[PDB]
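Consider the single chain below, provided in structure tokens and representing the form deposited in one PDB entry.
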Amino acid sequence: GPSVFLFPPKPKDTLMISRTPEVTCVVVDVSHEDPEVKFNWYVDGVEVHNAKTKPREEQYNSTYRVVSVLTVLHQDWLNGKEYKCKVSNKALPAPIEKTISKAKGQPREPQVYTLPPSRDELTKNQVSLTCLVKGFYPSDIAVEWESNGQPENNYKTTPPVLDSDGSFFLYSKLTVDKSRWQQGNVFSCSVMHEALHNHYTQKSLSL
């Protein structure tokens, strides 16, 4: 019948004390004749009850989608607590238990390197500012780019790539017209991640 999906919260939300991380338990394919869903929650066997249900929706393919969102404590998630969501629906011979939680593995620092644009690119019209973000763990990470207080617009970040030592890397290349680059502007790479100090560092680039 229904099929459920448990989701982590954004790695910006777990790493920023400003933000507020949420586990999201999505029950899709919910029947039309029998749309009642019960969510028990468990934070390590411990049943907890501060979770809200988000508004019922139809979807248009004759099935409801029902979602229960659960607040989490940054501290809790970042340590490794198993979150369990147990869904039950009359259209189901037995409750479905789905259980998430970040990568088991000792956290490891991201070493962060700003690589400039190749000599062979003064030629080109727009150029390539590069950010190597290697040696980190888990892969849950947030990488953005900025200049003089402002977010730099058009960049692109590769997916984390498993490396031969168990750790992870990714690249981010900002594209910016020679003109800019050439004019002494400072562009910076802002990485934020668990094993980082205050979950945040920034490395920059110029001339």
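Residue indices: 1-based, along the sequence shown. For the two forms, the rigid core is made up of the largest set of C-alpha atoms that agree within 1.5 Å on superposition.
From this point on, the text means the form deposited in another entry, which you will not see here.
After superposition on the rigid core, the Cα atom of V72 is displaced by less than 2 Å between this form and the one not shown.
With the core superposed, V127 shows a C-alpha displacement of at least 2 Å between this form and the one not shown. Relative to the superposed rigid core, the position of the CA of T99 differs between this form and the one not shown by less than 2 Å.
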